[PDB]
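To keep things clear, I will list the structure first and then write my remarks on it.
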Amino acid sequence: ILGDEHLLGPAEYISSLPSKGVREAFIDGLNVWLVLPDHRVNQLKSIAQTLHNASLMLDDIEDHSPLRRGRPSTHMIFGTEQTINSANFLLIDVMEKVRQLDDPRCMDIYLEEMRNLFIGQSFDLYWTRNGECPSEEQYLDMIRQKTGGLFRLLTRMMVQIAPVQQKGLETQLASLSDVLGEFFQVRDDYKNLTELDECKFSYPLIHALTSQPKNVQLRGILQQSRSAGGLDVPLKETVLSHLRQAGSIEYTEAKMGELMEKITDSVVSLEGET
Amino acid sequence: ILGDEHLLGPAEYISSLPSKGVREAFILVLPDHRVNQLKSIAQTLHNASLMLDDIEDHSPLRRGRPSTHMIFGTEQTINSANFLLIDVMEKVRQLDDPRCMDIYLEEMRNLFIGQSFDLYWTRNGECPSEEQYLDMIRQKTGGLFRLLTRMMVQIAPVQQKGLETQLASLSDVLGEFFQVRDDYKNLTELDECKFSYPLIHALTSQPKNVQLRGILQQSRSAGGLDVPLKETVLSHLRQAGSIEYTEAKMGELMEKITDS
Amino acid sequence: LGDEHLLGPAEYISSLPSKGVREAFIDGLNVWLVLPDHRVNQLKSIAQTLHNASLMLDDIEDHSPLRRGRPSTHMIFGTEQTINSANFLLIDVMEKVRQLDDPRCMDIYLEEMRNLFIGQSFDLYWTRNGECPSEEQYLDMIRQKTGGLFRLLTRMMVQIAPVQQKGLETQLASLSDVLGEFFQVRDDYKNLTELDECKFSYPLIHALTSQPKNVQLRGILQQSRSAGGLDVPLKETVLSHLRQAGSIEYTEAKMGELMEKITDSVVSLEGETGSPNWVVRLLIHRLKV
Amino acid sequence: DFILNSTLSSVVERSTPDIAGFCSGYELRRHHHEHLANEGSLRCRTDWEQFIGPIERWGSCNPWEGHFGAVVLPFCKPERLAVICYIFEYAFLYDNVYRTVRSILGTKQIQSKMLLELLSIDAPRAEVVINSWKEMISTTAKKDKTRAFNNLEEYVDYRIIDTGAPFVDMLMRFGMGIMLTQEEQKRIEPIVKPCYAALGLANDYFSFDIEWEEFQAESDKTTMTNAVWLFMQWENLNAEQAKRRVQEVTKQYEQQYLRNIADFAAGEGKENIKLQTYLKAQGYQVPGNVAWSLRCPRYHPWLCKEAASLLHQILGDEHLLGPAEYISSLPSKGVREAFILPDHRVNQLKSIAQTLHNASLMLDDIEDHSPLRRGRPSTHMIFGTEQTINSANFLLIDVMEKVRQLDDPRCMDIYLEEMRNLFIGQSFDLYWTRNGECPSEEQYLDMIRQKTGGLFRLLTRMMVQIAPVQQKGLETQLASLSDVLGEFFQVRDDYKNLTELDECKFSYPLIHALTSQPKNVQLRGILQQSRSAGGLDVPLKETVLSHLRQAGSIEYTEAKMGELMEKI
Amino acid sequence: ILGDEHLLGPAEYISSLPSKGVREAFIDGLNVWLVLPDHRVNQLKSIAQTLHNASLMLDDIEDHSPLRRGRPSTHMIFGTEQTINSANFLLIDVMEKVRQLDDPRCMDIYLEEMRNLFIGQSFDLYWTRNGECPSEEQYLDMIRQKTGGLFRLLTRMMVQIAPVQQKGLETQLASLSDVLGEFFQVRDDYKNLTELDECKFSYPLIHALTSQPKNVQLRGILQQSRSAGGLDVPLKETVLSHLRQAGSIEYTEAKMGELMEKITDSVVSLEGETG
Amino acid sequence: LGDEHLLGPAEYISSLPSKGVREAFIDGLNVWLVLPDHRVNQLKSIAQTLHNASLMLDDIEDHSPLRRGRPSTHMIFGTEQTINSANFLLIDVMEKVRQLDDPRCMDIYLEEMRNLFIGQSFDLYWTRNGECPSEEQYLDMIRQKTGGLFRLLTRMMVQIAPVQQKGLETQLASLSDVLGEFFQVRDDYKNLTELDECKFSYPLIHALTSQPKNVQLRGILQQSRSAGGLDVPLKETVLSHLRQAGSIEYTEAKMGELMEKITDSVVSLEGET
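Here the protein sequences come in this chain order: W, X, F, D, H and S. Our numbering applies: residue 1 is where the first sequence begins, and numbers increase by one. Our numbering applies: residue 1001 is where the second sequence begins, and numbers increase by one. Our numbering applies: residue 2001 is where the third sequence begins, and numbers increase by one. Our numbering applies: residue 3001 is where the fourth sequence begins, and numbers increase by one. Our numbering applies: residue 4001 is where the fifth sequence begins, and numbers increase by one. Our numbering applies: residue 5001 is where the sixth sequence begins, and numbers increase by one.
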């Protein structure tokens, strides 16, 4: 009838797994600049945790990943439909917490940044389904919304409840959020490749396909993955060998270095201001 | 990337299919603009529900035409449904009333609990009772009607404030009637092992019927039933006396719906 | 037609390494019942054939690729041929009971095989439909499935036994029933401690009963049902859910109680006979201690 | 203190330089808590006649120092001391070995009582003694006494195990209980044997005197295999000359053992006390053997009584009968009922036929992957495969309850033989169906005489047995009729299923097509496609029909029916 | 134990099937202008028939077509591997057939034309497997080589075998053959579409995908075709409705009319510089 | 445009590591036949291209995901593109045989290719239908399938060979057939000692012939035929059956007997020259 045990089951499962906690560390780091009450910071951390959990729950069915952190995924314990149902309700649940922050403007930020996140994820899903390689500009504009969406969403809701005074620090913090969202995705791509199964594009894999327009081997191992469903170890070694010859990994290291210089410059400028 | 063509695609496709407009016809002296706003909210919520339900039932067709997940994929349809929820959120905001927000959130919570119970019963093959099944369809199906009626009463010019309870009861009875009718007009005209009022009566009145339970189990681990198996299921339901046990419910619900 | 293709699946399973629990049980009971070597060997053949047919059928109805580490009979001869050989083995055993020179041995056979088939039918119904039985229902079933061959052999031995030893029948039947319960709870314990076919057990029943709201265990069991077996990480999660409800200790308590009953019954039998039975107690030692 | 605490046991005090010219100044110890060792043999003896039977041999017991297991090895732990005396007495009496059947059951109760107590305390510690026990018993069995052997050097290593040294050795191992590595044993095996041989050779040497009398008593005895008696034929002498011969021969190689203790393990690595203590333990028993064997009754029996006198102080049936009633509710044709004596006997036979046919149909539907039967869903789609198999087996068991009420023992054998033939036929059918093997015409016709004519033969023979005595000369005629009738039914079924083989079943027309045309590759390819994919699509079926009709196989089939029909 | 019975086998089942005789009729067509003897005509016709049979046998495998002319395909009676083997041997058989024409240049012609045919087929396969939409120019270039290759082969060998005199009328005949193959392919596409199961790109489909690079529905249905290895009736009707809105069935009739104008002009021109 | 899709699979299979048995055999024959270097390189090109096409096709017709520890060609380019490239390779070699400046070099090519295709056809038919050939039938097949390239190369070399080389035609051809037979038996031995594609071999044919009633072996072979391959315990069971039947010793004796003929033929050829 009404027990609400089949709704929060999947939500509670994913919320009891090991996690890095980068989203909460970002809030803690920002709270130094914007002095805020512990109550508000904890509310924002809960919001970020719920949004992250919903995103993780959804992005596992769309990747057919049986395991998460060595533990089984949520849809392998509850079912795909139940996981979708709980994830679509976590959006409503967060909607009641943004409304408890006592600010009419906080709902506008929520409703705009969520739309940006959904646009980015929609583009990622399209490029995954239809194997169309995007340009570097396109890929860098997706991950500034798909991954930098949560950081920007948290930042804009925190400079609004920030006590008076500091209001000028809006553009700088937003740029920091975007650069961090870019860095945290290039880093994950580099880590995953140097140390693709679901035929997912990455920054190193676009450079290879762009610099080498006549590489017919790469474009065929990229299609065997789509057709069969995944690449075995012998084919993954071939893909890594093809990427090692185009200088894609060096390109990725250069991009990461360039991004980190921007991060440190923004941090030093912000520290100078405050 | 500032495009909306891969996010709004499935939403436009599901809104182009032919419909019956039950929710719109359901929709207190209200100004016309408010009525159009409420109709848009109802339509968008129904479209999202259909988009999600077609996936959770592996239905290749909807009203004769293809389903949304066979033209755009599963994941894109899911993303579009989530953004449709966000868009309904935006639409409720424009109604210019603080108290519509709480109504929307509470009704969505109830609708999701009902759908969760339905999904649990369908996946695990656990047969609900009469009371549990009749309480699940007061939320999964009557949730939209209750949501709309509570929203309409609030933004209606004063006077009509004591009729919230009566209209809510009317909405619950209406949702029950719709679900029981759709159960009836599906056997007196299953492949995903969906329970129903006739099926529950048959399985409860007969605690030792092994044939029906075996056919249902075959349906579960086959992806669906063929024509002979569906025919024997119908014969079992007809012999158990559940086609007119359901016809008594449809009359009893019509008695309540007529009174209030 | 020259035989073969019929007693080939039967001979493949008779050439595999075994243990000899039933044979040792017969030799342990013979010191109390006292039978000629001919009759004891005939009963050994009957028990061996019946156990082999049971294993042949169990492998098919469990989708088990291997048995004792070696390939199964139906992966070398086909499902249909194995079924045919198993059906013929029942007719073959029914030819050996007739050579025991007793009309009353046929009634015992035909009345205990019915109980065997009833217990196995309930096992199959619960496995296929996903229904979870109660502890009483589960314990009663394994008193007919696993403790039926022991009872069958026992009731045949107390009928060919020379005149006098015939009042010791109810005690021996109870001993066989408790042995059949013990041999199944032990396997249930051993498999878990060190579900691919959605098989129920004492720990799993306890976990499902004590926790009416554990939605994760009921979820992984359904995943197993809908995927033809669990993976190793899901198996570890199922096993971990069974150490938080106390199922592993509940199974050991049941095992201890069963062993106490076995020891009490053996002591009573060794007292109402006058002969200490040092071969059945070595079998008890080989089991747990 | 993890060393040998020899405070509970002490050496024997004797002023002589050495008794009987053996074991000069060796530690022949005696245990002060020896009272447990005494009953150990007596408790065993009480078990024997209670399980095996009466004894007339007294055994091993002397008024002097003590038992052979007492003097030789008193270095046991206080608790694990009497369990060994139980083993020794059985071994010291086993060499000599309806009521015969009862005697055997007694043996299984002695070879398990000793095993129980020994294994109970510690199995890995225990397993050593049984492992040595297994090979020890077997070795002496193989050596035939009628066949002789060669020089004493090759003799001793047979004898060192034949009477058996490692037996006492493995109990000493059982005394202190250190597990030893596998390969390190091998290099020290030639270290222990010189001690073992000298240890073992004494036993027989003292025991020679009593072994002699036995040969004269037994005529059939071929040889008294014994080391010292081997000198009697090899080096012919009076008698006591051979007793002198080895009196110091063993004495000569034990002196070697003192070196081995002080050698490399305890030499260069003198500060390696964990290993150096291990070596010493082995050489303690040696003085023990000569003590007891000196004058004991077992070896010198003159004491007899003097030794004895001095020493006297579920409701069920719903998941079983679920697939069976479903298949019995589907429409039938009444072919076997019409084929089938007072009315009750006829009804009993009709019930038997119906149940057997239902079981056959249930089993056959599973092995055809056929979802439908008479337009109605098959049984394995309402109850599954395993439940249907269970019900099919129980139906075979149940028919037996029906057969036994016909009041005829010679109806219990007809049923079994006919079912054997039915299963043979079905086995050949299944083998040909699976392993893509086309039978010949004769093989196919033989198979369908048993798979399909088995039921008719069974019913006819049962009816002849049941029927009044006068009309019993038919039998053969009716059986031949039934065989032809079943053949006709099978050929008809093959013919009709073609005019108007989704599982690649060999029919009568198909065999003709395959045999008359050895070079037809299209038909064979289509059959293999059916085997692999699972079945045939409609144009494939039409091309199969075209290939069969071109070869004139349907006209062949119709000729068989007219031939079969004429015989009927 | 030396019979050639499992090799020639698949090559006879495909020959037994009914045909339309386009290649034979074409061979008869250029024979009035070239006037070469009957035995040479029969040899050329046998070469063309064998090449067409090999092409059909390979094509049916590379598309999973259970049926051909209403009857089952060759790889459902002999399997895939034996069909591939027979297709590979039919090339060698055709090349034994060519040397009997008693002209060294026939071998060079044959080798060049088969190189072109294999290039065209390679591009067709790459576009089909990788889900890459060709442009109009690329598609028209491919169908000029894959489909017009056989006609060009036959006409180039015919103008070489034929009795002396007339030799300058080679380029015109090659142009005619290329245009004719283009027409055959476009006609086949139109007939199939009006009256992509294996994700095959056509002229109307290319036009629709080029005209509206925002139609996500068409692209999604084309991807569903690839994912499920085929399209059902409602999805095919939806694709046809999409093509009947972007003016793809009308942009195809103009191409066919232009190809007929070219064919008629080429025939007329090749009727003036002869007798 | 270009041939980037037609020569893809050919170049990929050329890149992979090889042994060089064909090139070594050509070099070995050269000491008797004394061809110029240019012709020897032309023949090496022909042999390499033919071998590569053969491997490309064999991997397809045997569902082998791997080749020498590296991914197969049809796992990178698809089955259709690989078949197309193999056919173009068959075409391309015929443009190389035509560059040897001898009309008679083409009839040899056509006849030996016919023989090779016949042998492979019998192999494929036996594999698909699950029919066990006889020893004579099996040995006649491999004398054409794997003894075909050797015979082709030998005949072309003797045809190009500068004058003389009269009697060195039949002896060298017999050497080629024996050598191909020995290579196939050696490969069968190696595969066995250190079945997934239901492939018959000398040990397996011997076992199924010496034992007319071994039902277990036939059942395991049918299970391999149906399921798609043998998992490890079933492969161990087949190996145990073969060891019990004595097939391994039969194979080793056959290998020794073939090597004796190889040695005698080589000694005789050296003796004549």
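Note that beta-carbon positions come from the ideal geometry of N, C-alpha and C, so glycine has one too.
Nearest-angstrom Cα separation, counted from residue j out to residue i
{"i": "X:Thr1258", "j": "X:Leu1174", "result": "10 Å"}
{"i": "D:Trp3234", "j": "D:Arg3244", "result": "15 Å"}
{"i": "H:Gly4079", "j": "H:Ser4073", "result": "10 Å"}
Among the options, the one whose alpha carbon lies nearest that of residue i
{"i": "D:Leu3396", "options": "F:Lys2254, F:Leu2149, F:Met2113", "result": "F:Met2113"}
{"i": "H:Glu4024", "options": "H:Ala4011, H:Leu4034, H:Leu4044", "result": "H:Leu4044"}
{"i": "D:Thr3100", "options": "D:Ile3087, D:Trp3229, D:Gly3053, D:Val3346", "result": "D:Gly3053"}
{"i": "D:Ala3559", "options": "D:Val3521, D:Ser3530, D:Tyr3495", "result": "D:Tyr3495"}
{"i": "H:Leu4036", "options": "H:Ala4087, H:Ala4162, H:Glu4195", "result": "H:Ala4162"}
{"i": "D:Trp3064", "options": "D:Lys3280, D:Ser3006, D:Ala3307, D:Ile3414", "result": "D:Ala3307"}
{"i": "S:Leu5124", "options": "H:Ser4086, H:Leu4240, H:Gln4185", "result": "H:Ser4086"}
{"i": "S:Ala5010", "options": "S:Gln5120, S:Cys5105, S:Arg5098, S:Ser5045", "result": "S:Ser5045"}
{"i": "D:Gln3282", "options": "D:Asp3483, D:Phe3506, D:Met3176", "result": "D:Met3176"}
{"i": "D:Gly3436", "options": "D:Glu3487, D:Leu3514, D:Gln3477", "result": "D:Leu3514"}
Beta-bridge pairing of residue i - partner residues as DSSP gives them
{"i": "D:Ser3010", "result": "D:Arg3030"}
{"i": "W:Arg71", "result": "W:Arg68"}
Contact check, residue i vs residue j, beta carbons under 9 Å
{"i": "H:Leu4030", "j": "H:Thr4155", "result": "yes"}
{"i": "D:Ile3210", "j": "D:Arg3298", "result": "yes"}
{"i": "W:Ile14", "j": "W:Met76", "result": "no"}
{"i": "D:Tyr3086", "j": "D:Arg3043", "result": "yes"}
{"i": "S:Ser5210", "j": "S:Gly5167", "result": "no"}
{"i": "H:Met4142", "j": "H:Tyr4110", "result": "no"}
The alpha helix (DSSP H) enclosing residue i, as first and last residue numbers
{"i": "D:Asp3413", "result": "3412-3434"}
{"i": "D:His3369", "result": "Here D:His3369 belongs to no alpha helix (DSSP H), and DSSP marks it neither H nor E."}
{"i": "F:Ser2226", "result": "Element bounds for F:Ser2226: n/a, residue is neither H nor E."}
{"i": "D:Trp3058", "result": "D:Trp3058 -> no alpha helix (DSSP H), and no H or E assigned at all."}
{"i": "F:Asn2084", "result": "2079-2096"}
{"i": "D:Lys3251", "result": "3249-3262"}
{"i": "H:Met4076", "result": "That residue, H:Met4076, is in no alpha helix (DSSP H); it is neither H nor E in DSSP."}
Test: residue i CB closer than 9 Å to a CB of chain B
{"i": "D:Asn3435", "result": "Going by chain labels, chain B is absent from the structure shown, which instead holds the protein chains W, X, F, D, H and S."}
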